[PDB]
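Asks: So that we are looking at the same thing, I have put the structure below in structure tokens.
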Amino acid sequence: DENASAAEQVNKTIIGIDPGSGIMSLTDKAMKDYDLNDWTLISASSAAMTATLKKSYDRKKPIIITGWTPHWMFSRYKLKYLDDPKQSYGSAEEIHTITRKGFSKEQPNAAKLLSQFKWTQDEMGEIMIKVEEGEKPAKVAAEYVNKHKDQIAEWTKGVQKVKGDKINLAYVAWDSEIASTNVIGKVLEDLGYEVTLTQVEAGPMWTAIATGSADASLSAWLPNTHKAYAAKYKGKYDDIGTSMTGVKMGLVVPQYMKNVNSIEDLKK
């Protein structure tokens, strides 16, 4: 149709990720806030969303996805966030490092390391790009700790080596969190820790931390994205670090969709 709206072009459909993720919750809210209730949000997964993104992009087809930043797709593709004047996705979002309760006094050495873990979107991007191109996260992390010596010394500042202390990192298989988890896991490994990486859904990751079935996680997006999880387990986890600031999430489109610039444009 020559005069097709944005809505018409994508058939009132948004391509999402795993249904337990916060971005999906926030998108459910956005759709109510912007009176997009006749729209369909497709639950899927990180990998299905990016495969779908690839197919549409290479054909220059209209598509709207649940996107976030830090993510390699912004490097691979020319994408933009739809303006969110209602701030349905919130503001001032960060990635946090959380532990099971008591961990800081229980394992103060590892807690100090975890509290001092910080890095940038481009630094995480280094790992994520190499992982999507086919390298194993463990090997890419090993490259990173060797390449970035001065940073790793910052993280380990006043942190000591140990003799086999067990530690269990819960994580969710988002591209960003696979990168942060493996890089910190390697640093712990280099420090002498016996490291287990426990992959879980969103929901289960919070539950693991809140019950102490896992020790720590780098997968907390706060305060907006995992608002509901944090509220559910309010007194039952410690927030010991902020590994990244200025992170974002929302509805994302290719830049070739020139006339679609705000979530308000989807009302049409």
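Identifiers in this document derive from the order of the structure tokens: chains are assigned A, B, ..., residues are numbered from 1 separately in each chain, and ligands are numbered from 1 in order of occurrence.
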What's the 9 Å shell around residue 257 (chain A), counting only C-alpha atoms, without same-chain residues fewer than 3 positions away, as a list in words?
Replies: residues 6, 60, 61, 62, 63, 253, 254, 260 and 261 of chain A
Asks: Which residues of region 87-127 of chain A sit at most 10 Å from region 186-189 of chain A, using only C-alpha atoms? Give each one's shortest atom pair and distance in Å (one decimal place), in chain and ascending residue order, as a tab-separated table.
Replies:
```
residue	atom	partner	partner_atom	distance
A:110	CA	A:188	CA	7.8
A:113	CA	A:188	CA	8.3
A:114	CA	A:188	CA	9.3
```
Asks: Run DSSP on the backbone and give me the residues of region 62-266 of chain A it puts in helix (DSSP H, G or I), as a PyMOL selection string.
Replies: chain A and resi 73-76+103-106+108-115+121-132+137-147+149-155+175-191+204-211+227-232+263-266
Asks: So, counting only C-alpha atoms, which residue among A:180, A:231, A:193, A:100 is closest to residue 214 (chain A)?
Replies: A:100
Asks: Got a sec: who's within 10 Å of residue 68 (chain A), counting only C-alpha atoms, leaving out chain neighbours fewer than 5 positions off, as JSON, numbers by chain?
Replies: {"A": [23, 73, 74, 81, 176, 247, 248, 249, 250, 251, 252]}
Asks: Please, could you write that set of residues out with C-alpha atoms as a PDB file, in the first residue's frame?
Replies:
```pdb
ATOM      1  CA  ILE A  23      12.030  -5.407  28.485  1.00  0.00           C
ATOM      2  CA  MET A  73      23.302  -5.316  16.828  1.00  0.00           C
ATOM      3  CA  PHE A  74      23.812  -1.496  17.052  1.00  0.00           C
ATOM      4  CA  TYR A  81      15.372   3.980  19.383  1.00  0.00           C
ATOM      5  CA  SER A 176      25.347  -8.652  27.189  1.00  0.00           C
ATOM      6  CA  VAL A 247      22.269   1.586  29.416  1.00  0.00           C
ATOM      7  CA  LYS A 248      19.002   1.787  27.461  1.00  0.00           C
ATOM      8  CA  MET A 249      16.027  -0.204  26.321  1.00  0.00           C
ATOM      9  CA  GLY A 250      12.956   0.384  24.203  1.00  0.00           C
ATOM     10  CA  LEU A 251      11.403  -0.067  20.788  1.00  0.00           C
ATOM     11  CA  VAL A 252      14.088  -0.143  18.086  1.00  0.00           C
TER      12      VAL A 252
END
```
Asks: Restricting the calculation to only C-alpha atoms, which member of A:40, A:160, A:87, A:151 is positioned closest to residue 65 (chain A)?
Replies: A:40
Asks: Could you pull out the residues in region 17-129 of chain A that DSSP calls strand (DSSP E) from the backbone, as a PyMOL selection string?
Replies: chain A and resi 40-42+65-69+79-81+93-100
Asks: How would the residues just picked look written out with N, CA, C and O atoms as a short mmCIF file (atom, residue, chain, number, x, y, z; two decimals), in the first residue's frame?
Replies:
```cif
data_model
loop_
_atom_site.label_atom_id
_atom_site.label_comp_id
_atom_site.auth_asym_id
_atom_site.auth_seq_id
_atom_site.Cartn_x
_atom_site.Cartn_y
_atom_site.Cartn_z
N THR A 40 0.43 -6.83 18.55
CA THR A 40 0.90 -8.14 18.97
C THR A 40 2.39 -8.04 19.31
O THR A 40 3.18 -7.61 18.48
N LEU A 41 2.75 -8.36 20.55
CA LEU A 41 4.15 -8.48 20.96
C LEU A 41 4.50 -9.97 20.88
O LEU A 41 3.91 -10.79 21.59
N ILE A 42 5.44 -10.32 20.01
CA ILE A 42 5.82 -11.74 19.84
C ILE A 42 6.89 -12.07 20.86
O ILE A 42 7.97 -11.49 20.83
N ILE A 65 11.60 -3.99 16.96
CA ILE A 65 12.09 -4.98 17.90
C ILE A 65 12.16 -4.39 19.31
O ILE A 65 12.13 -3.18 19.47
N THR A 66 12.21 -5.27 20.31
CA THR A 66 12.56 -4.87 21.68
C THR A 66 14.07 -4.89 21.75
O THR A 66 14.67 -5.97 21.84
N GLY A 67 14.66 -3.70 21.69
CA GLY A 67 16.11 -3.56 21.70
C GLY A 67 16.65 -2.94 22.98
O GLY A 67 15.94 -2.25 23.73
N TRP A 68 17.93 -3.19 23.22
CA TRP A 68 18.63 -2.63 24.34
C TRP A 68 20.06 -2.31 23.96
O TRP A 68 20.59 -2.82 22.96
N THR A 69 20.66 -1.46 24.78
CA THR A 69 21.99 -0.96 24.54
C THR A 69 22.88 -1.02 25.77
O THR A 69 22.69 -0.23 26.68
N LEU A 79 20.62 1.13 13.49
CA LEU A 79 19.34 1.14 14.22
C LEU A 79 19.17 2.42 15.04
O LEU A 79 20.14 3.11 15.34
N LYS A 80 17.92 2.71 15.41
CA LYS A 80 17.60 3.84 16.28
C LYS A 80 16.49 3.46 17.26
O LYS A 80 15.65 2.61 16.94
N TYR A 81 16.49 4.08 18.45
CA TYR A 81 15.37 3.98 19.38
C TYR A 81 14.24 4.90 18.95
O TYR A 81 14.47 6.04 18.57
N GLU A 93 18.93 4.07 33.70
CA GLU A 93 19.03 2.64 33.93
C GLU A 93 20.49 2.25 34.00
O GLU A 93 21.34 2.91 33.39
N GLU A 94 20.75 1.19 34.76
CA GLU A 94 22.09 0.69 35.02
C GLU A 94 22.08 -0.85 35.06
O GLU A 94 21.03 -1.50 35.17
N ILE A 95 23.28 -1.42 34.99
CA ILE A 95 23.45 -2.85 35.21
C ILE A 95 24.09 -2.99 36.58
O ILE A 95 25.10 -2.35 36.87
N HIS A 96 23.48 -3.84 37.42
CA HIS A 96 23.92 -4.02 38.80
C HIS A 96 24.45 -5.42 39.06
O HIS A 96 24.12 -6.40 38.37
N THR A 97 25.30 -5.49 40.09
CA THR A 97 25.87 -6.74 40.56
C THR A 97 25.23 -7.09 41.89
O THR A 97 25.37 -6.36 42.86
N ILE A 98 24.51 -8.20 41.92
CA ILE A 98 23.75 -8.60 43.11
C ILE A 98 24.28 -9.90 43.68
O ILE A 98 24.78 -10.74 42.94
N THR A 99 24.18 -10.06 44.99
CA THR A 99 24.57 -11.31 45.65
C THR A 99 23.45 -11.85 46.51
O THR A 99 22.55 -11.12 46.94
N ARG A 100 23.54 -13.14 46.81
CA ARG A 100 22.70 -13.71 47.85
C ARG A 100 23.01 -12.99 49.14
O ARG A 100 24.12 -12.45 49.33
#
```
Asks: Taking only C-alpha atoms into account, which of A:246, A:236, A:201, A:123 comes nearest residue 174 (chain A)?
Replies: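 The answer is A:201, which sits nearest to residue 174 (chain A).
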Asks: So which residues touch region 128-133 of chain A within 6 Å, counting only C-alpha atoms, skipping near sequence neighbours fewer than 3 positions away, as a ChimeraX atom specification?
Replies: /A:72,125,137
Asks: Any idea what the distance is between CA of residue 166 (chain A) and CA of residue 21 (chain A)?
Replies: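 Separation of CA of residue 166 (chain A) and CA of residue 21 (chain A): 28.2 Å.
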Asks: Set the distance at 12 Å and use only C-alpha atoms: which residues neighbour residue 127 (chain A) once local chain neighbours fewer than 2 positions away are removed? I'd like the list as number ranges by chain.
Replies: A: 70-72, 119-125, 129-145, 147-148, 175-183
Asks: Could you dump the residues just selected with N, CA and C atoms as an mmCIF file, in the first residue's frame?
Replies:
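Wrote result34.cif, looks like this:
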```cif
data_model
loop_
_atom_site.group_PDB
_atom_site.id
_atom_site.type_symbol
_atom_site.label_atom_id
_atom_site.label_comp_id
_atom_site.auth_asym_id
_atom_site.auth_seq_id
_atom_site.Cartn_x
_atom_site.Cartn_y
_atom_site.Cartn_z
ATOM 1 N N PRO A 70 23.563 -2.136 25.950
ATOM 2 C CA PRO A 70 24.717 -2.511 25.183
ATOM 3 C C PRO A 70 24.287 -3.777 24.394
ATOM 4 N N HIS A 71 24.474 -3.770 23.084
ATOM 5 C CA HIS A 71 24.145 -4.921 22.222
ATOM 6 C C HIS A 71 24.875 -4.744 20.891
ATOM 7 N N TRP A 72 25.483 -5.830 20.416
ATOM 8 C CA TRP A 72 26.274 -5.822 19.183
ATOM 9 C C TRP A 72 25.457 -5.434 17.946
ATOM 10 N N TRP A 119 32.649 -1.441 33.634
ATOM 11 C CA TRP A 119 33.157 -1.329 32.268
ATOM 12 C C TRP A 119 32.151 -0.630 31.355
ATOM 13 N N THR A 120 32.580 -0.307 30.141
ATOM 14 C CA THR A 120 31.770 0.508 29.239
ATOM 15 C C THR A 120 31.078 -0.321 28.178
ATOM 16 N N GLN A 121 30.119 0.310 27.518
ATOM 17 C CA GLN A 121 29.399 -0.318 26.414
ATOM 18 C C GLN A 121 30.312 -0.793 25.296
ATOM 19 N N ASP A 122 31.300 0.020 24.924
ATOM 20 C CA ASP A 122 32.251 -0.378 23.871
ATOM 21 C C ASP A 122 33.147 -1.537 24.301
ATOM 22 N N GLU A 123 33.499 -1.582 25.586
ATOM 23 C CA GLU A 123 34.311 -2.676 26.131
ATOM 24 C C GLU A 123 33.518 -3.999 26.139
ATOM 25 N N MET A 124 32.291 -3.967 26.644
ATOM 26 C CA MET A 124 31.401 -5.128 26.527
ATOM 27 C C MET A 124 31.196 -5.502 25.056
ATOM 28 N N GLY A 125 31.041 -4.497 24.198
ATOM 29 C CA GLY A 125 30.868 -4.681 22.757
ATOM 30 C C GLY A 125 31.983 -5.512 22.150
ATOM 31 N N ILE A 129 30.703 -8.882 20.129
ATOM 32 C CA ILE A 129 30.964 -8.994 18.691
ATOM 33 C C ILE A 129 31.739 -10.258 18.373
ATOM 34 N N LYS A 130 32.806 -10.493 19.130
ATOM 35 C CA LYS A 130 33.628 -11.674 18.911
ATOM 36 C C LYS A 130 32.847 -12.955 19.222
ATOM 37 N N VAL A 131 31.951 -12.905 20.206
ATOM 38 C CA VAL A 131 31.110 -14.062 20.508
ATOM 39 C C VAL A 131 30.076 -14.314 19.406
ATOM 40 N N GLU A 132 29.433 -13.275 18.862
ATOM 41 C CA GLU A 132 28.440 -13.546 17.805
ATOM 42 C C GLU A 132 29.079 -14.019 16.506
ATOM 43 N N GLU A 133 30.327 -13.611 16.254
ATOM 44 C CA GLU A 133 31.107 -14.081 15.102
ATOM 45 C C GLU A 133 31.586 -15.535 15.265
ATOM 46 N N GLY A 134 31.382 -16.135 16.436
ATOM 47 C CA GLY A 134 31.554 -17.584 16.588
ATOM 48 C C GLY A 134 32.578 -18.068 17.605
ATOM 49 N N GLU A 135 33.291 -17.147 18.253
ATOM 50 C CA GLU A 135 34.245 -17.533 19.290
ATOM 51 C C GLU A 135 33.478 -17.881 20.568
ATOM 52 N N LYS A 136 34.037 -18.796 21.353
ATOM 53 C CA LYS A 136 33.443 -19.213 22.622
ATOM 54 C C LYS A 136 33.603 -18.093 23.659
ATOM 55 N N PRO A 137 32.560 -17.784 24.428
ATOM 56 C CA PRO A 137 32.664 -16.739 25.449
ATOM 57 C C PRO A 137 33.879 -16.891 26.374
ATOM 58 N N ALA A 138 34.142 -18.105 26.843
ATOM 59 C CA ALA A 138 35.302 -18.365 27.701
ATOM 60 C C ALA A 138 36.621 -17.923 27.063
ATOM 61 N N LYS A 139 36.793 -18.211 25.782
ATOM 62 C CA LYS A 139 38.047 -17.868 25.127
ATOM 63 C C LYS A 139 38.124 -16.363 24.859
ATOM 64 N N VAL A 140 37.003 -15.752 24.484
ATOM 65 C CA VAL A 140 36.966 -14.304 24.262
ATOM 66 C C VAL A 140 37.271 -13.532 25.552
ATOM 67 N N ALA A 141 36.694 -13.979 26.667
ATOM 68 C CA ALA A 141 36.995 -13.407 27.986
ATOM 69 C C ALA A 141 38.491 -13.494 28.331
ATOM 70 N N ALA A 142 39.097 -14.646 28.040
ATOM 71 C CA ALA A 142 40.517 -14.878 28.299
ATOM 72 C C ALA A 142 41.361 -13.889 27.512
ATOM 73 N N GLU A 143 40.958 -13.635 26.268
ATOM 74 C CA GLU A 143 41.589 -12.613 25.442
ATOM 75 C C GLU A 143 41.424 -11.228 26.062
ATOM 76 N N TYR A 144 40.229 -10.946 26.579
ATOM 77 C CA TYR A 144 39.932 -9.641 27.173
ATOM 78 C C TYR A 144 40.777 -9.324 28.413
ATOM 79 N N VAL A 145 40.894 -10.279 29.335
ATOM 80 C CA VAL A 145 41.668 -10.046 30.564
ATOM 81 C C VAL A 145 43.151 -9.833 30.254
ATOM 82 N N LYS A 147 44.233 -8.602 27.198
ATOM 83 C CA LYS A 147 44.287 -7.355 26.433
ATOM 84 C C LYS A 147 44.122 -6.146 27.360
ATOM 85 N N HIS A 148 43.260 -6.273 28.367
ATOM 86 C CA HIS A 148 42.933 -5.167 29.265
ATOM 87 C C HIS A 148 43.503 -5.420 30.646
ATOM 88 N N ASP A 175 22.914 -11.547 25.355
ATOM 89 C CA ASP A 175 24.256 -11.392 24.770
ATOM 90 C C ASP A 175 25.162 -10.595 25.716
ATOM 91 N N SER A 176 24.610 -9.532 26.291
ATOM 92 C CA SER A 176 25.347 -8.652 27.189
ATOM 93 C C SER A 176 25.782 -9.360 28.454
ATOM 94 N N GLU A 177 24.880 -10.160 29.004
ATOM 95 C CA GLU A 177 25.118 -10.818 30.282
ATOM 96 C C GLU A 177 25.982 -12.062 30.134
ATOM 97 N N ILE A 178 25.981 -12.680 28.955
ATOM 98 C CA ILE A 178 26.936 -13.756 28.694
ATOM 99 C C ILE A 178 28.362 -13.171 28.723
ATOM 100 N N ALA A 179 28.517 -11.961 28.184
ATOM 101 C CA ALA A 179 29.818 -11.278 28.142
ATOM 102 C C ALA A 179 30.334 -10.868 29.531
ATOM 103 N N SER A 180 29.492 -10.213 30.314
ATOM 104 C CA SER A 180 29.898 -9.741 31.638
ATOM 105 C C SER A 180 30.164 -10.920 32.572
ATOM 106 N N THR A 181 29.326 -11.949 32.485
ATOM 107 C CA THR A 181 29.457 -13.095 33.360
ATOM 108 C C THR A 181 30.749 -13.870 33.095
ATOM 109 N N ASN A 182 31.046 -14.125 31.828
ATOM 110 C CA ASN A 182 32.268 -14.849 31.457
ATOM 111 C C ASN A 182 33.545 -14.061 31.741
ATOM 112 N N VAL A 183 33.493 -12.731 31.650
ATOM 113 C CA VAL A 183 34.705 -11.925 31.865
ATOM 114 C C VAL A 183 35.045 -11.887 33.355
#
```
Asks: Report, in Å with one decimal, the straight-line distance from CA of residue 209 (chain A) to CA of residue 109 (chain A).
Replies: 18.4 Å
Asks: Between A:75, A:107, A:9, A:116, which is the closest to residue 268 (chain A) once you count only C-alpha atoms?
Replies: A:9
Asks: Restricting the calculation to only C-alpha atoms: of A:245, A:3, A:115, A:156, which residue gets closest to residue 217 (chain A)?
Replies: A:115
Asks: Name the closest residue to residue 243 (chain A) among the candidates A:47, A:169, A:263, A:220; distances are taken between atoms, counting only C-alpha atoms.
Replies: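 Closest candidate: A:220.
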Asks: Just give me the gap between CA of residue 238 (chain A) and CA of residue 158 (chain A) in Å, one decimal is fine.
Replies: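 Interatomic distance here is 20.8 Å.
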